[PDB]
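Trainee: this one's a deposited entry, sequence included:
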Amino acid sequence: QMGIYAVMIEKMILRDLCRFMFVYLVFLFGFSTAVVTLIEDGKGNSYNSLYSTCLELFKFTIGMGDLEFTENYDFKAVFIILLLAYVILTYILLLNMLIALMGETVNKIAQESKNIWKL
Amino acid sequence: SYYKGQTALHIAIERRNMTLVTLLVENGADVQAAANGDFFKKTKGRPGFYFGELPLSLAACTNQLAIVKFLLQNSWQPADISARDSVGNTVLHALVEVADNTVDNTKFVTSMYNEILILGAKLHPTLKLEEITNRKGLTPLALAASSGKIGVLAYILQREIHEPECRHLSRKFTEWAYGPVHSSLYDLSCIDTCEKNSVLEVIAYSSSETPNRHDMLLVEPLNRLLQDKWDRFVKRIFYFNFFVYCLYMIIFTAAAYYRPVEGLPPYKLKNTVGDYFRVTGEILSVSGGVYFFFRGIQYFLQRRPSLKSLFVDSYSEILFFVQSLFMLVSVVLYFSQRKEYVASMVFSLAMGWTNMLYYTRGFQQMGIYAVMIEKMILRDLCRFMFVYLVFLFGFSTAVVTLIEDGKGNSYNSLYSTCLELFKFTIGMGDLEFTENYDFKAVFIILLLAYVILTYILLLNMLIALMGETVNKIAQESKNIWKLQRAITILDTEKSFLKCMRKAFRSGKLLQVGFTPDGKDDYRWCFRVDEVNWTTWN
Amino acid sequence: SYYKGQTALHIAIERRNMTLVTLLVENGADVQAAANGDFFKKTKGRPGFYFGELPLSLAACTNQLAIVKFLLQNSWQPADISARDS
Ligand SMILES: CC(C)(C)c1ccc(/C=C\C(=O)Nc2ccc3c(c2)OCCO3)cc1
Ligand code: NA
């Protein structure tokens, strides 16, 4: 029984997590680039770094996203629109995309996991 | 008047009475009678069905084999088979029109189709009855292609004949068979982009109104032709566009990230190398954006996409157009002394980086993923967003009505309440974000109702719906990806019209059989080997 | 050359004509003939299928029960069953 679980973990670390990670990396990189372009820091202040922005959006996907993590921008509307677009595209859409995809996987390949454990 | 186009002949056919029709035509009744009545027009919104003005068109549309046989073999006035009806359609065009996705319909409009081809060949061996075009200008292949008669299309594309004399009008030329191993050729007369409208082009550019559009491509000669070209000469070009787009987006990202912050645009041209690199990046980005804009306009004009549903068949084109628009408006505002260009630039950057997904159609697996993302951004996400917006707006209005701020103080704003409930949606909602209220019970009950209705009820409702969607439409995402690749390859091969054409051809010129005129058949075929262990004949 | 490995015997088998093959081998046609042609090689990326150089290998690869029976039971030159192909 635990063997089938390990087989599932392997199969879906080499089947689905790779693809979803590619696409999520594209989204996060694009939106992080956009946001960091928007920030100016011309006066919680060195958000500029792209790494920091990537980290904030990642916090967004793990349920610790701060929609007002920075107030140094110059168009609050643009910043909010970008963050909301990111949340809708990743948090509510892509994560649930992944959940749906993995449901499809397991539904198909329960027996496959069994046989791979036998092997 | 209505009762002038018709005659006793067509009605006698309608009853399917061979004796009645032959007796009627015995005295020498005209066979060229045309039923140019609105009741017989193709309009599907009105009663009646179009079967062709010539009565033979009616009979062929019907299963009256005897009537077509006798009319074509009658000693007097054998109605010409090659006839353009009012709409320019031939009895073959009418046949394909009458064809449906129904199996029995497929059987009828396939058997009769082949039979009539043979018969017309017999009467006129040297008549290109399968080439005549209607007013719309489509051959019967082009008709089944533009309409989507998957059965008639397949019948034409795999058409084989065993009679040596009339095998010329045949689509598939079997070559040999040494054991189950047996090659299979084809014709590719207009399959390839070598005609006014190539059935591949017709399928690719046809709107989503046509049914089974993505499903027709599965016909083996077409699908194998697609895969052959893709692996032969397009995949490399597609990867080259992917790589150049990556370089474009990286240059744009680098330029934006280093956009000057001091002073309204435009700026100046320092003597340092960094300034020069920055301007090079900016100008390269501008060039890319303007190219994308022009290409979007070109697609708009050439295709003139169905305005009713343009988001379901050109999603990527709209995305690229919008990103180009944002870049262009960044350019207009930039020179127009205003630091508001950064907004357009940022939207463009996000749009392009996210659009990188468009290239994921070249890969089997990631392509299905992108197709799913598009399908559920246009299918499930919009509906859920509407309902969630209703909930959030109502509850935000309620809460803001409740707040007073009559003394974490400027929360009266409806925007703040909407943001706070949204945080509730994304798992950062503070149940006591405000204490300027005056009824704790009311405030807490409202927040709890919102949480139950959205966070635990709706969001999970969307998860359930999306599970249903994927479970249903995995295969649909696969097929849509296939169609996306088909459009990709067609566009690529069209792109090099002036670059070159000789090497961009599929199939091989061959001469297998002979035409009744005692001449050779120079046809561009394409072999297909198959292994069948049972036929054995 | 390509047309040296093959013989009338293997083709006569290919048509599945028991009468033709038995007549051909009636005069004493060789049974050890080997079809060492690239067309018969095992490569799956090229046309053709490998069925074994010995014609009996072809017939067994085919469902020709009669041919295997006769050649194994023929009065003259029953092709040896134990044969290593190329
Ligand atoms: C540029 C901003 C930040 C305003 C923005 C633009 C679009 C979205 C949402 C979606 C999006 O851009 N979705 C998409 C775009 C292109 C694709 C694709 C999906 O998948 C199929 C291949 O190409 C969000 C924010
Ligand atoms: Na959470």
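Mentor: Structure received. Numbers count the residues shown, from 1 in each chain, chains lettered A, B, ... in the order given. Ligands and ions are numbered 1, 2, ... in the order given.

Trainee: mind listing the helices for chain A?
Mentor: Here chain A has its helices, by DSSP state H, at A:2-14, A:16-38, A:50-61, A:76-86, A:95-118.

Trainee: adding distance to chain C and mean neighbour count, write these out as JSON lines.
Mentor: Placement of C-beta: from N, CA and C, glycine included. Output for the helices of chain A, formatted as JSON lines (distance: least, Cβ to the nearest Cβ, whole Å; neighbours: other Cβ atoms under 10 Å in any protein chain shown):
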{"stretch": "helix A:2-14", "distance to chain C": "27", "mean neighbour count": "14"}
{"stretch": "helix A:16-38", "distance to chain C": "29", "mean neighbour count": "20"}
{"stretch": "helix A:50-61", "distance to chain C": "46", "mean neighbour count": "18"}
{"stretch": "helix A:76-86", "distance to chain C": "47", "mean neighbour count": "17"}
{"stretch": "helix A:95-118", "distance to chain C": "26", "mean neighbour count": "16"}
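
Trainee: got the contact list for whichever residue of chain A sits closest to ligand 2?
Mentor: Relative to ligand 2, the nearest point of chain A is residue A:63 (2.8 Å; Cβ to the ion). Residue A:63 sits next to B:426-428 when contact means Cβ atoms under 8 Å, 6 or more residues apart in numbering or on different chains.

Trainee: ok, now residue A:109?
Mentor: Per Cβ under 8 Å, 6+ apart, neighbours of residue A:109: residue A:11.

Trainee: again, but for residue A:38
Mentor: A:73-75, A:78-79, A:82, B:342-343, B:346.

Trainee: same deal with residue A:92?
Mentor: Here residue A:92 is in contact with B:381, B:425-426, B:459, B:462 (Cβ under 8 Å, 6+ apart).

Trainee: report the two of those residues separated the most.
Mentor: The span of the contacts of residue A:92, defined through Cβ to Cβ, is set by B:381 and B:426 at 15.3 Å.

Trainee: quick revisit: for ligand 1, find the nearest of the helices of chain A.
Mentor: Smallest distance to ligand 1 across the helices of chain A (Cβ to the nearest ligand atom): 3.3 Å, for helix A:76-86.

Trainee: which residues are contacting that closest one?
Mentor: A:27-28, A:31, A:34-35, A:38, A:57, A:60, A:65, A:67, A:70, A:73, B:342-343, B:346-347, B:350, B:422.

Trainee: only alpha carbons, please: show it as CSV.
Mentor: Below are the C-alpha coordinates for helix A:76-86, written out as CSV (Å, rounded to 0.1, in the frame of the first residue of the first chain):
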residue,chain,number,x,y,z
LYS,A,76,-1.3,52.0,-7.5
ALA,A,77,-3.9,50.9,-10.0
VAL,A,78,-1.3,49.2,-12.2
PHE,A,79,0.3,47.5,-9.3
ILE,A,80,-3.0,46.2,-7.9
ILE,A,81,-4.1,45.1,-11.4
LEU,A,82,-0.9,43.1,-11.9
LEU,A,83,-1.1,41.5,-8.5
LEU,A,84,-4.7,40.6,-9.0
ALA,A,85,-4.0,39.2,-12.5
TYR,A,86,-1.2,37.1,-11.0
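
Trainee: quick one: is it near ligand 1?
Mentor: Yes. Legend: contact between helix A:76-86 and ligand 1 by Cβ under 6 Å from any ligand atom is shown at A:82, A:85.

Trainee: report the inter-axis angle for that helix versus helix A:50-61.
Mentor: 60 degrees (axes from the mean of the first three to the mean of the last three Cα atoms, to 10 degrees).

Trainee: just give me how far helix A:76-86 sits from the chain centre.
Mentor: 17 Å (Cα atoms, centre = their mean, to the nearest Å).

Trainee: what does stretch A:45-58 give?
Mentor: 15 Å.

Trainee: for ligand 2, what are the nearby residues on chain A?
Mentor: residue A:63 (Cβ under 5 Å from the ion).

Trainee: what is the burial count for the residue of chain A found nearest chain C?
Mentor: Nearest residue of chain A to chain C: residue A:119, at 25.3 Å (Cβ to the nearest Cβ). Each residue near residue A:119 was counted by other Cβ atoms under 10 Å in any protein chain shown, and the total is 6.

Trainee: ramachandran coordinates for residue A:72?
Mentor: The phi and psi values for residue A:72, taken as degrees, to the nearest 10, are phi -90, psi -10.

Trainee: show me what contacts the residue nearest to it when sequence neighbours are not counted?
Mentor: Spatially, and ignoring its direct neighbours in sequence, residue A:72 is nearest to residue A:41 (5.3 Å; Cβ to Cβ, 6 or more residues apart in numbering or on different chains). Shown in contact with residue A:41 (Cβ under 8 Å, 6+ apart): A:47-48, A:72.

Trainee: turn those residues into JSON lines, columns for neighbour count.
Mentor: Putting the contacts of residue A:41 into JSON lines (neighbours: other Cβ atoms under 10 Å in any protein chain shown) gives the following:
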{"residue": "A:47", "neighbour count": "20"}
{"residue": "A:48", "neighbour count": "15"}
{"residue": "A:72", "neighbour count": "16"}
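
Trainee: which among these gets closest to chain B?
Mentor: residue A:48 (9.3 Å).

Trainee: was I right about that closest one contacting residue A:39?
Mentor: Yes. In this structure, residue A:48 is within contact of residue A:39 by Cβ atoms under 8 Å, at 5.8 Å.

Trainee: is any part of stretch A:10-25 close to chain B?
Mentor: Yes. Interface with chain B: stretch A:10-25 contributes A:19-20, A:22-23 (Cβ under 8 Å from any Cβ of the partner chain).

Trainee: report the contact partners of residue A:7.
Mentor: Residue A:7 sits in contact with A:113-114, A:116-117, where contact means Cβ under 8 Å, 6+ apart.

Trainee: residue A:15 reaches residue A:106, doesn't it?
Mentor: No. At 11.1 Å, residue A:15 does not count as touching residue A:106 under the criterion of Cβ under 8 Å.

Trainee: quick revisit: could you identify the most distant pair in the contacts of residue A:38?
Mentor: A:74 and A:82 (12.9 Å).

Trainee: where does residue A:64 fall, phi/psi-wise?
Mentor: According to degrees, to the nearest 10, residue A:64 has phi -140, psi 40.

Trainee: excluding sequence neighbours, find me the nearest residue to it.
Mentor: residue B:428 is the one closest to residue A:64 (Cβ to Cβ, 6+ apart), at 7.0 Å.

Trainee: just to revisit the earlier point, out of the contacts of residue A:41, the closest to ligand 1 would be?
Mentor: residue A:47 (17.6 Å).

Trainee: so residue A:28 makes contact with residue A:89?
Mentor: No. Contact criterion Cβ under 8 Å: residue A:28 and residue A:89 do not qualify, at 10.0 Å.

Trainee: need phi/psi at the residue nearest to residue A:72.
Mentor: Here residue A:41 shows phi and psi, under degrees, to the nearest 10, equal to phi 60, psi 60.

Trainee: residue A:94 - how many residues pack around it?
Mentor: 19.

Trainee: that one: what's it in contact with?
Mentor: A:20, A:23-24, A:27, B:373.

Trainee: the residue of chain A closest to ligand 2 and ligand 1, how far apart?
Mentor: 20 Å (Cβ to the nearest ligand atom, to the nearest Å).

Trainee: then stretch A:6-26 to CSV, C-alphas only?
Mentor: C-alpha atoms of stretch A:6-26 as CSV (Å, rounded to 0.1, in the frame of the first residue of the first chain):
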residue,chain,number,x,y,z
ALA,A,6,5.7,6.1,-3.5
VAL,A,7,5.1,5.0,-7.1
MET,A,8,2.5,7.7,-7.4
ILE,A,9,4.8,10.3,-5.9
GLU,A,10,7.6,9.3,-8.4
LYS,A,11,5.3,9.2,-11.5
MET,A,12,3.8,12.6,-10.7
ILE,A,13,7.1,14.2,-9.9
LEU,A,14,8.3,13.1,-13.3
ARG,A,15,5.0,13.7,-15.2
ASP,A,16,2.9,16.6,-13.9
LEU,A,17,5.0,18.6,-11.5
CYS,A,18,7.6,19.3,-14.2
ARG,A,19,5.1,20.7,-16.7
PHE,A,20,3.2,22.8,-14.1
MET,A,21,6.5,24.0,-12.7
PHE,A,22,7.6,25.2,-16.2
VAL,A,23,4.4,27.1,-16.8
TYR,A,24,4.2,28.5,-13.3
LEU,A,25,7.8,29.6,-13.7
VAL,A,26,6.9,31.4,-16.9
